[PDB]
Amino acid sequence: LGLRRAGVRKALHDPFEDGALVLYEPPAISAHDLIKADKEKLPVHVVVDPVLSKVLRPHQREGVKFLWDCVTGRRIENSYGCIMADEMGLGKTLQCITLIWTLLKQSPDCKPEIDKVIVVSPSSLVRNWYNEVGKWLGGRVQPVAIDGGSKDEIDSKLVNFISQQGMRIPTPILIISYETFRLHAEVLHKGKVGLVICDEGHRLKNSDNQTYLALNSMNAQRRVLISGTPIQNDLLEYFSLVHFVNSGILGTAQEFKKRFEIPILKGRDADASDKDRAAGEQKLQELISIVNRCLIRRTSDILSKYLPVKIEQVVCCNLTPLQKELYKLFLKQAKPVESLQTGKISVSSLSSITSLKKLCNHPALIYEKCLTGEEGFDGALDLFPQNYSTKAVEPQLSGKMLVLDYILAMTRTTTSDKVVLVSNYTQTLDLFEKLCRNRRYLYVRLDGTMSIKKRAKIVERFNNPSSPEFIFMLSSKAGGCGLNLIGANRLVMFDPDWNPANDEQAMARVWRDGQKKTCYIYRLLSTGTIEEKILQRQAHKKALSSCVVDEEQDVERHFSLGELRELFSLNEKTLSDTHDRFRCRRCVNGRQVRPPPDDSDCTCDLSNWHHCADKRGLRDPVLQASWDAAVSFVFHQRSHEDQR
Ligand SMILES: [Zn+2]
């Protein structure tokens, strides 16, 4: 377009190019008014930079529209807050960076909305966010990461970030960890930051008084809070969050406490006056409407409309004879059910859970305690095989590790697929590194000590088909914020976290834009073990819509006599405790007699997954070949049908 020029008031990017994403158009004006009006005062289109809009899927176009609407007070007028509550894997970083880049450079009045943004992030994901900026918009913008270093070296970085003048601001995007942010937010007070993005912001429950104070100190007008689950189901745990996001129309913290919080709690009190019960609930409903107004949530099933078929398989693996004997012997000696009860407690039940989880992963992780003769492993060293060591890992000694071994071995000879290995535990990854060396698989491990540059490098090497690396292993805490391992076709989620959002995030590293193959996710669980109980509590949290909890293995006052007993049980007979607990009406004597509902997919309850107790009806030859004594049961499902 030549009707553009250098030195005319115009939208930063042509609002009429084929696939433009127009976030704003100027209001209609009458011909008469237009002619008299001064041309340097007319609103201008806001149009997403083509560099980014060329690359956004439909849902992503909708997301940026939603964000931009919210954050500029066009959705809820007088409020500048937004809760982004998409399922993991729909590219939250891309939508956000698009938001940022739009706000940094454009507004209806034809100048930037904001001058600087702060992204608050888990420590493990800080570097991922930084890389995500580089990946999407190249040399155009320079982000800055702050995460640890000297208390004074951090202060310097922050001071440099804030004291930046007008027009050309070399460092307009800051990414700090929550840890450093909460300890340093005084620097940010009155420092004119336009936007905050609190990532993984569901960790900001009412008791996190540090972060909210720090967040208040900063006082950025427009606020995007990201969360795994929707909030409204468990609203009472999220007053602060709701208020931070919506303070534009909720008023002061004290005003909000007075109108909403105090009445709501007053009515919920076990002796409220019926009139009081009614008043509070009414206020809760008002609050729910506000959250509804400002929250966006899309689920991962919409990816199936342009990605290859994904196949998810939860695999129940039988504990080794050895593992069982250790497990039994631990329970018998530790007596974790009879170690802490009426009053609170969580000291020695945390550690007994911790030990059993290690045990399920591999006895080797438990071996050190057997040498000590520490409480719960007396004479356990006698159970270990005739001749054993540290250096060589023996995958047969563990159910899950065996199946892992099998999958990798089958995958390597049957396909030319690459594999992502995920574990919640460093020491488990250390065993994977040993396995790989012994099996002669080449691999890369995403550390956490890894520099920003080296992090970008190894990912790009891995996604290249020319690369010789077979396995990419990472710890799930690092498996988010746009990390994309598209070169890999299959992913093994080795062990379950208490929070379902964490597993979900890490699993979503492979079935993403640009994937060219059918994907296979594997979740390994040890049959009749705490692991099934973990996957069960995950399900329970998701089922009750919201339910975010970082605490679980910590403060164990939310279980009780019988439910605890269950947590520390061993079922040696079941094919899957998870399945038993369904009381499935679709399976008869190990055969699946009726299929799941027609339109059910990977986003469904395990009760609507395919249940499989014989290696019959699997859609993954690698898994089938891997099914021996080690596998007792498989839940499986798929994104959609390949036919397309
Ligand atoms: Zn069934």
# chains A, B, ... in the order shown; residues from 1 in each chain; ligands from 1
>>> residues_near_ligand(ligand="ligand 1", cutoff="7 Å", atoms="only C-alpha atoms and all ligand atoms", output="VMD selection string")
chain A and resid 579 584 to 587 592 607 611
>>> residues_around(residues="residue 108 of chain A", least_positions_apart="2", cutoff="10 Å", atoms="only C-alpha atoms", output="mmCIF file with C-alpha atoms, in the first residue's frame")
data_model
loop_
_atom_site.group_PDB
_atom_site.id
_atom_site.type_symbol
_atom_site.label_atom_id
_atom_site.label_comp_id
_atom_site.auth_asym_id
_atom_site.auth_seq_id
_atom_site.Cartn_x
_atom_site.Cartn_y
_atom_site.Cartn_z
ATOM 1 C CA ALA A 11 -2.681 1.915 11.952
ATOM 2 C CA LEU A 23 -8.451 -6.045 17.482
ATOM 3 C CA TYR A 24 -9.919 -2.563 17.133
ATOM 4 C CA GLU A 25 -11.555 -0.406 14.543
ATOM 5 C CA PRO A 26 -12.323 3.311 15.032
ATOM 6 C CA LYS A 41 -6.921 13.048 16.840
ATOM 7 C CA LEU A 42 -8.798 10.299 14.973
ATOM 8 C CA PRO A 43 -8.670 6.803 16.441
ATOM 9 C CA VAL A 44 -6.704 4.280 14.430
ATOM 10 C CA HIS A 45 -7.118 0.495 13.851
ATOM 11 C CA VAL A 46 -5.192 -1.805 16.175
ATOM 12 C CA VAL A 47 -3.835 -4.666 14.121
ATOM 13 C CA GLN A 106 -0.113 0.066 19.454
ATOM 14 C CA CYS A 110 -1.715 5.633 17.667
ATOM 15 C CA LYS A 111 1.076 5.207 20.216
ATOM 16 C CA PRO A 112 1.944 2.294 22.521
ATOM 17 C CA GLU A 113 -0.570 1.334 25.252
#
>>> atom_distance(atom1="atom CA of residue 189 of chain A", atom2="atom CA of residue 124 of chain A")
25.4 Å
>>> residues_around(residues="residue 127 of chain A", least_positions_apart="3", cutoff="12 Å", atoms="only C-alpha atoms", output="PyMOL selection string")
chain A and resi 119-124+130-134+143-147+174-177+446-456+478-483
>>> write_last_selection(atoms="N, CA, C and O atoms", output="short mmCIF file (atom, residue, chain, number, x, y, z; two decimals), in the first residue's frame")
data_model
loop_
_atom_site.label_atom_id
_atom_site.label_comp_id
_atom_site.auth_asym_id
_atom_site.auth_seq_id
_atom_site.Cartn_x
_atom_site.Cartn_y
_atom_site.Cartn_z
N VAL A 119 6.36 -10.31 33.38
CA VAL A 119 5.81 -11.66 33.46
C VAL A 119 6.35 -12.33 34.72
O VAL A 119 7.57 -12.54 34.85
N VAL A 120 5.46 -12.64 35.66
CA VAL A 120 5.85 -13.38 36.84
C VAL A 120 5.62 -14.87 36.58
O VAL A 120 4.55 -15.27 36.13
N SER A 121 6.62 -15.67 36.88
CA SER A 121 6.66 -17.05 36.43
C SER A 121 7.32 -17.98 37.45
O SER A 121 8.20 -17.56 38.19
N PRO A 122 6.90 -19.26 37.49
CA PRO A 122 7.70 -20.22 38.24
C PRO A 122 9.16 -20.17 37.81
O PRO A 122 9.47 -19.89 36.65
N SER A 123 10.06 -20.43 38.74
CA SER A 123 11.47 -20.33 38.48
C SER A 123 11.85 -21.20 37.28
O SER A 123 12.50 -20.74 36.33
N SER A 124 11.40 -22.46 37.32
CA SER A 124 11.70 -23.43 36.29
C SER A 124 11.30 -23.02 34.89
O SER A 124 11.84 -23.54 33.91
N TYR A 130 11.52 -16.52 28.32
CA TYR A 130 12.52 -15.70 27.67
C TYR A 130 12.75 -16.20 26.25
O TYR A 130 12.71 -15.42 25.29
N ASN A 131 12.96 -17.51 26.12
CA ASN A 131 13.16 -18.15 24.82
C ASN A 131 11.95 -17.98 23.91
O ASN A 131 12.08 -17.87 22.70
N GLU A 132 10.77 -17.94 24.52
CA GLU A 132 9.54 -17.87 23.75
C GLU A 132 9.43 -16.51 23.08
O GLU A 132 8.97 -16.40 21.95
N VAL A 133 9.90 -15.47 23.77
CA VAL A 133 10.00 -14.13 23.17
C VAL A 133 10.92 -14.18 21.94
O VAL A 133 10.51 -13.84 20.83
N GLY A 134 12.16 -14.63 22.14
CA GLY A 134 13.11 -14.79 21.05
C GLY A 134 12.54 -15.57 19.87
O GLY A 134 12.69 -15.15 18.73
N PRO A 143 13.99 -9.15 25.69
CA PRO A 143 13.48 -9.38 27.02
C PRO A 143 14.63 -9.45 28.03
O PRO A 143 15.81 -9.52 27.64
N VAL A 144 14.28 -9.42 29.31
CA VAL A 144 15.24 -9.56 30.39
C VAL A 144 14.71 -10.59 31.37
O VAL A 144 13.53 -10.54 31.74
N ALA A 145 15.57 -11.52 31.78
CA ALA A 145 15.21 -12.49 32.81
C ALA A 145 15.92 -12.20 34.13
O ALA A 145 17.13 -11.98 34.15
N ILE A 146 15.15 -12.19 35.21
CA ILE A 146 15.72 -12.15 36.56
C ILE A 146 15.27 -13.37 37.36
O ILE A 146 14.07 -13.63 37.50
N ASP A 147 16.23 -14.10 37.89
CA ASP A 147 15.95 -15.29 38.68
C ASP A 147 17.21 -15.70 39.44
O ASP A 147 18.14 -16.28 38.86
N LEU A 174 10.19 -7.82 31.19
CA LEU A 174 10.88 -8.50 32.29
C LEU A 174 10.19 -9.81 32.65
O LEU A 174 8.97 -9.88 32.76
N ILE A 175 11.00 -10.85 32.84
CA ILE A 175 10.51 -12.12 33.37
C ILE A 175 11.26 -12.41 34.68
O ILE A 175 12.47 -12.63 34.66
N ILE A 176 10.55 -12.35 35.81
CA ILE A 176 11.13 -12.66 37.12
C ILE A 176 10.43 -13.90 37.61
O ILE A 176 9.28 -14.14 37.24
N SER A 177 11.11 -14.68 38.45
CA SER A 177 10.46 -15.78 39.15
C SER A 177 9.58 -15.23 40.26
O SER A 177 9.80 -14.12 40.73
N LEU A 446 17.29 -31.88 29.48
CA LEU A 446 16.98 -30.51 29.88
C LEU A 446 17.14 -30.37 31.39
O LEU A 446 16.30 -30.84 32.17
N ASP A 447 18.23 -29.71 31.79
CA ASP A 447 18.64 -29.56 33.18
C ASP A 447 17.72 -28.65 33.99
O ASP A 447 16.81 -29.11 34.70
N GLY A 448 17.98 -27.35 33.87
CA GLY A 448 17.52 -26.35 34.83
C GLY A 448 18.71 -25.49 35.20
O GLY A 448 18.55 -24.30 35.51
N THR A 449 19.90 -26.09 35.17
CA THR A 449 21.18 -25.37 35.26
C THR A 449 21.55 -24.83 33.87
O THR A 449 22.47 -24.02 33.72
N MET A 450 20.82 -25.31 32.87
CA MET A 450 21.03 -24.97 31.47
C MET A 450 20.82 -23.49 31.22
O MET A 450 19.77 -22.93 31.56
N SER A 451 21.82 -22.85 30.61
CA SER A 451 21.72 -21.44 30.22
C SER A 451 20.61 -21.23 29.19
O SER A 451 20.13 -22.19 28.59
N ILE A 452 20.22 -19.98 28.98
CA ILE A 452 19.15 -19.62 28.05
C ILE A 452 19.50 -20.06 26.63
O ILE A 452 18.66 -20.63 25.92
N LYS A 453 20.75 -19.82 26.24
CA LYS A 453 21.25 -20.11 24.89
C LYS A 453 21.26 -21.62 24.63
O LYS A 453 20.70 -22.09 23.64
N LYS A 454 21.90 -22.35 25.54
CA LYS A 454 22.02 -23.80 25.47
C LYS A 454 20.65 -24.50 25.49
O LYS A 454 20.48 -25.53 24.84
N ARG A 455 19.69 -23.93 26.22
CA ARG A 455 18.29 -24.41 26.23
C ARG A 455 17.64 -24.31 24.86
O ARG A 455 16.94 -25.22 24.44
N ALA A 456 17.84 -23.18 24.19
CA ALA A 456 17.33 -22.98 22.84
C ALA A 456 18.01 -23.93 21.86
O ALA A 456 17.34 -24.51 20.99
N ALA A 478 9.90 -28.20 34.20
CA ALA A 478 10.46 -27.43 33.09
C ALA A 478 9.67 -27.60 31.79
O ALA A 478 9.98 -26.98 30.77
N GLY A 479 8.64 -28.45 31.83
CA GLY A 479 7.91 -28.82 30.63
C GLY A 479 6.69 -27.98 30.31
O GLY A 479 5.58 -28.50 30.23
N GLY A 480 6.89 -26.69 30.13
CA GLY A 480 5.79 -25.80 29.78
C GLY A 480 6.23 -24.53 29.08
O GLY A 480 7.38 -24.41 28.65
N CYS A 481 5.31 -23.57 28.98
CA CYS A 481 5.59 -22.28 28.35
C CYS A 481 6.20 -22.37 26.96
O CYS A 481 7.28 -21.82 26.69
N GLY A 482 5.50 -23.09 26.08
CA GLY A 482 5.86 -23.16 24.67
C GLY A 482 7.00 -24.10 24.30
O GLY A 482 7.32 -24.22 23.12
N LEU A 483 7.62 -24.74 25.28
CA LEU A 483 8.62 -25.75 24.98
C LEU A 483 7.96 -26.77 24.06
O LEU A 483 6.91 -27.33 24.39
#
>>> residues_around(residues="residue 182 of chain A", least_positions_apart="3", cutoff="6 Å", atoms="only C-alpha atoms", output="list in words")
residues 178, 179, 185, 211 and 214 of chain A
>>> write_last_selection(atoms="C-alpha atoms", output="PDB file, in the first residue's frame")
ATOM      1  CA  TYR A 178       7.816 -15.613  41.887  1.00  0.00           C
ATOM      2  CA  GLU A 179      10.630 -16.224  44.384  1.00  0.00           C
ATOM      3  CA  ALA A 185       8.981  -6.017  44.622  1.00  0.00           C
ATOM      4  CA  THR A 211       2.719 -12.181  46.366  1.00  0.00           C
ATOM      5  CA  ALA A 214       4.234  -7.493  46.143  1.00  0.00           C
TER       6      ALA A 214
END
>>> closest_atom_pairs(of="segment 372-407 of chain A", to="segment 311-333 of chain A", cutoff="9 Å", atoms="only C-alpha atoms", output="Markdown table")
| residue | atom | partner | partner_atom | distance |
| --- | --- | --- | --- | --- |
| A:375 | CA | A:333 | CA | 7.2 |
| A:376 | CA | A:333 | CA | 4.8 |
| A:377 | CA | A:330 | CA | 6.1 |
| A:378 | CA | A:333 | CA | 7.8 |
| A:379 | CA | A:329 | CA | 8.9 |
| A:380 | CA | A:326 | CA | 6.5 |
| A:383 | CA | A:322 | CA | 6.9 |
| A:384 | CA | A:322 | CA | 7.2 |
| A:385 | CA | A:322 | CA | 8.4 |
| A:396 | CA | A:320 | CA | 7.6 |
| A:397 | CA | A:320 | CA | 6.0 |
| A:398 | CA | A:320 | CA | 5.5 |
| A:399 | CA | A:319 | CA | 4.8 |
| A:400 | CA | A:317 | CA | 5.7 |
| A:402 | CA | A:317 | CA | 8.8 |
| A:403 | CA | A:317 | CA | 7.2 |
>>> select_by_dssp(residues="segment 41-242 of chain A", states="alpha helix (DSSP H)", output="JSON, numbers by chain")
{"A": [50, 51, 52, 53, 58, 59, 60, 61, 62, 63, 64, 65, 66, 67, 68, 69, 70, 71, 92, 93, 94, 95, 96, 97, 98, 99, 100, 101, 102, 103, 104, 105, 123, 124, 125, 126, 127, 128, 129, 130, 131, 132, 133, 134, 135, 136, 137, 151, 152, 153, 154, 155, 156, 157, 158, 159, 160, 161, 162, 178, 179, 180, 181, 182, 183, 184, 209, 210, 211, 212, 213, 214, 215, 216, 217, 218, 239, 240, 241, 242]}
>>> closest_residue(among="A:614, A:599, A:234, A:469", to="residue 635 of chain A", atoms="only C-alpha atoms")
A:614
>>> residues_around(residues="segment 91-105 of chain A", least_positions_apart="5", cutoff="9 Å", atoms="only C-alpha atoms", output="ChimeraX atom specification")
/A:12,46-49,52-53,56,60-61,63-65,67-68,84,86,110-117,129,132-133,136-137,141,172-173,194-195,197,224,226,481-482,512
>>> residues_around(residues="residue 470 of chain A", least_positions_apart="2", cutoff="9 Å", atoms="only C-alpha atoms", output="PDB file with N, CA and C atoms, in the first residue's frame")
ATOM      1  N   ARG A 412      12.653 -48.112  19.112  1.00  0.00           N
ATOM      2  CA  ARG A 412      13.905 -47.940  18.396  1.00  0.00           C
ATOM      3  C   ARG A 412      14.044 -48.867  17.193  1.00  0.00           C
ATOM      4  N   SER A 416      11.059 -45.049  13.394  1.00  0.00           N
ATOM      5  CA  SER A 416      12.113 -44.058  13.542  1.00  0.00           C
ATOM      6  C   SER A 416      11.534 -42.856  14.288  1.00  0.00           C
ATOM      7  N   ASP A 417      10.850 -43.142  15.390  1.00  0.00           N
ATOM      8  CA  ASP A 417      10.274 -42.100  16.221  1.00  0.00           C
ATOM      9  C   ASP A 417      11.269 -41.666  17.292  1.00  0.00           C
ATOM     10  N   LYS A 418      11.225 -40.388  17.656  1.00  0.00           N
ATOM     11  CA  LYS A 418      12.002 -39.906  18.788  1.00  0.00           C
ATOM     12  C   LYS A 418      11.100 -39.881  20.028  1.00  0.00           C
ATOM     13  N   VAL A 419      11.706 -39.894  21.211  1.00  0.00           N
ATOM     14  CA  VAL A 419      10.925 -40.003  22.438  1.00  0.00           C
ATOM     15  C   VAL A 419      11.305 -38.942  23.473  1.00  0.00           C
ATOM     16  N   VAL A 420      10.292 -38.369  24.113  1.00  0.00           N
ATOM     17  CA  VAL A 420      10.489 -37.493  25.260  1.00  0.00           C
ATOM     18  C   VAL A 420      10.255 -38.323  26.529  1.00  0.00           C
ATOM     19  N   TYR A 441      21.547 -45.681  23.754  1.00  0.00           N
ATOM     20  CA  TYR A 441      20.728 -44.629  23.161  1.00  0.00           C
ATOM     21  C   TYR A 441      21.420 -43.297  23.378  1.00  0.00           C
ATOM     22  N   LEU A 442      21.497 -42.487  22.326  1.00  0.00           N
ATOM     23  CA  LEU A 442      21.950 -41.099  22.456  1.00  0.00           C
ATOM     24  C   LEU A 442      20.789 -40.238  22.949  1.00  0.00           C
ATOM     25  N   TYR A 443      21.087 -39.223  23.760  1.00  0.00           N
ATOM     26  CA  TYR A 443      20.037 -38.403  24.373  1.00  0.00           C
ATOM     27  C   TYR A 443      20.494 -37.002  24.760  1.00  0.00           C
ATOM     28  N   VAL A 444      19.524 -36.135  25.039  1.00  0.00           N
ATOM     29  CA  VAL A 444      19.780 -34.846  25.685  1.00  0.00           C
ATOM     30  C   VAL A 444      18.901 -34.707  26.923  1.00  0.00           C
ATOM     31  N   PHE A 462      17.156 -31.133  18.679  1.00  0.00           N
ATOM     32  CA  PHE A 462      16.272 -32.282  18.835  1.00  0.00           C
ATOM     33  C   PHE A 462      15.115 -32.306  17.840  1.00  0.00           C
ATOM     34  N   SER A 467      19.107 -34.683  13.373  1.00  0.00           N
ATOM     35  CA  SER A 467      19.754 -34.951  14.655  1.00  0.00           C
ATOM     36  C   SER A 467      19.729 -36.446  15.000  1.00  0.00           C
ATOM     37  N   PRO A 468      20.838 -36.960  15.558  1.00  0.00           N
ATOM     38  CA  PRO A 468      20.946 -38.362  15.956  1.00  0.00           C
ATOM     39  C   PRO A 468      20.363 -38.697  17.329  1.00  0.00           C
ATOM     40  N   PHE A 472      14.821 -37.244  24.426  1.00  0.00           N
ATOM     41  CA  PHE A 472      14.923 -35.956  25.103  1.00  0.00           C
ATOM     42  C   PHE A 472      14.247 -36.083  26.477  1.00  0.00           C
ATOM     43  N   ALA A 488      10.026 -35.223  18.461  1.00  0.00           N
ATOM     44  CA  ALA A 488       9.522 -36.406  19.133  1.00  0.00           C
ATOM     45  C   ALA A 488       8.029 -36.593  18.889  1.00  0.00           C
TER      46      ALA A 488
END
>>> atom_distance(atom1="atom CA of residue 236 of chain A", atom2="atom CA of residue 87 of chain A")
21.8 Å
>>> select_by_dssp(residues="segment 76-283 of chain A", states="strand (DSSP E)", output="ChimeraX atom specification")
/A:81-84,117-121,143-146,173-177,195-198,222-226
>>> residues_around(residues="segment 536-542 of chain A", least_positions_apart="6", cutoff="8 Å", atoms="only C-alpha atoms", output="list in words")
residues 229, 498, 499, 500, 548, 578 and 605 of chain A
>>> closest_residue(among="A:598, A:531, A:301, A:394", to="residue 511 of chain A", atoms="only C-alpha atoms")
A:301
>>> decode(residues="segment 500-595 of chain A", atoms="C-alpha atoms", output="tab-separated table (two decimals), in the first residue's frame")
chain	number	residue	atom	x	y	z
A	500	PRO	CA	-3.05	-32.87	37.60
A	501	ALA	CA	-2.13	-29.55	35.91
A	502	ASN	CA	1.58	-30.40	36.23
A	503	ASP	CA	1.32	-33.77	34.45
A	504	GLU	CA	-0.98	-32.29	31.86
A	505	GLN	CA	1.42	-29.44	31.08
A	506	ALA	CA	4.41	-31.71	30.57
A	507	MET	CA	2.47	-34.26	28.50
A	508	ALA	CA	1.56	-31.49	26.05
A	509	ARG	CA	5.10	-31.06	24.66
A	510	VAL	CA	4.78	-33.22	21.56
A	511	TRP	CA	1.22	-32.99	20.12
A	512	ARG	CA	1.63	-29.40	18.97
A	513	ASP	CA	1.52	-27.19	15.88
A	514	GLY	CA	3.90	-28.59	13.31
A	515	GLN	CA	3.75	-32.17	14.55
A	516	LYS	CA	3.65	-34.40	11.46
A	517	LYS	CA	3.12	-37.86	13.01
A	518	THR	CA	0.52	-39.73	15.06
A	519	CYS	CA	1.37	-39.01	18.69
A	520	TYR	CA	1.55	-41.42	21.59
A	521	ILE	CA	1.44	-40.36	25.20
A	522	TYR	CA	2.17	-42.98	27.87
A	523	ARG	CA	1.44	-42.65	31.57
A	524	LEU	CA	3.09	-45.31	33.65
A	525	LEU	CA	1.54	-46.30	36.99
A	526	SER	CA	2.31	-49.18	39.35
A	527	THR	CA	-0.80	-51.38	39.84
A	528	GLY	CA	-2.47	-51.46	43.30
A	529	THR	CA	-0.01	-48.83	44.52
A	530	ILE	CA	-0.05	-45.21	45.83
A	531	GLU	CA	0.44	-44.22	42.20
A	532	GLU	CA	-3.06	-45.32	41.26
A	533	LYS	CA	-4.26	-43.40	44.32
A	534	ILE	CA	-2.38	-40.34	43.01
A	535	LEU	CA	-3.96	-40.63	39.58
A	536	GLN	CA	-7.26	-41.07	41.41
A	537	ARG	CA	-6.95	-37.87	43.42
A	538	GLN	CA	-5.96	-36.08	40.21
A	539	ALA	CA	-9.20	-37.30	38.62
A	540	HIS	CA	-11.11	-36.26	41.73
A	541	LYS	CA	-9.64	-32.74	41.59
A	542	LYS	CA	-10.50	-32.32	37.88
A	543	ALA	CA	-14.01	-33.80	38.33
A	544	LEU	CA	-14.92	-31.17	40.91
A	545	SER	CA	-13.98	-28.71	38.09
A	546	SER	CA	-11.50	-26.49	40.02
A	547	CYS	CA	-9.53	-27.99	42.98
A	548	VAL	CA	-5.96	-26.68	42.77
A	549	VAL	CA	-3.61	-27.96	45.47
A	550	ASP	CA	0.18	-27.78	45.71
A	551	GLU	CA	-0.12	-29.24	49.23
A	552	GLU	CA	-1.04	-32.95	49.34
A	553	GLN	CA	1.96	-34.92	50.59
A	554	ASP	CA	2.54	-32.00	53.00
A	555	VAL	CA	-0.41	-31.14	55.31
A	556	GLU	CA	-2.32	-34.45	55.34
A	557	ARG	CA	-5.26	-33.25	57.47
A	558	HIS	CA	-7.64	-33.62	54.48
A	559	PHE	CA	-7.84	-37.45	54.33
A	560	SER	CA	-9.05	-39.15	57.57
A	561	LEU	CA	-8.81	-42.61	59.21
A	562	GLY	CA	-10.13	-44.75	56.33
A	563	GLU	CA	-9.00	-42.69	53.34
A	564	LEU	CA	-5.44	-42.71	54.72
A	565	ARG	CA	-5.60	-46.47	55.19
A	566	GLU	CA	-6.39	-46.69	51.46
A	567	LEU	CA	-3.53	-44.38	50.51
A	568	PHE	CA	-1.03	-46.80	52.12
A	569	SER	CA	-2.45	-50.07	50.77
A	570	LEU	CA	-1.05	-52.68	48.45
A	571	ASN	CA	-3.32	-54.64	46.14
A	572	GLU	CA	-1.38	-57.54	44.67
A	573	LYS	CA	-4.48	-59.06	43.00
A	574	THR	CA	-5.94	-56.23	40.82
A	575	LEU	CA	-5.42	-55.54	37.19
A	576	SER	CA	-6.14	-51.89	38.04
A	577	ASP	CA	-7.42	-50.37	41.30
A	578	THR	CA	-8.57	-47.37	39.26
A	579	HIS	CA	-10.82	-49.63	37.17
A	580	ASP	CA	-12.17	-51.61	40.15
A	581	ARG	CA	-13.20	-48.38	41.80
A	582	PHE	CA	-15.29	-47.48	38.71
A	583	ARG	CA	-17.46	-50.61	39.05
A	584	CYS	CA	-17.55	-50.44	35.24
A	585	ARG	CA	-20.73	-51.71	33.59
A	586	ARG	CA	-18.94	-51.99	30.24
A	587	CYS	CA	-16.40	-54.74	30.99
A	588	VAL	CA	-17.11	-58.45	31.68
A	589	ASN	CA	-14.31	-60.76	32.93
A	590	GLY	CA	-11.50	-58.62	31.55
A	591	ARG	CA	-13.16	-58.03	28.18
A	592	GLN	CA	-14.63	-54.66	27.19
A	593	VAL	CA	-18.17	-55.63	26.18
A	594	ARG	CA	-19.47	-52.14	25.37
A	595	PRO	CA	-17.35	-49.31	23.89
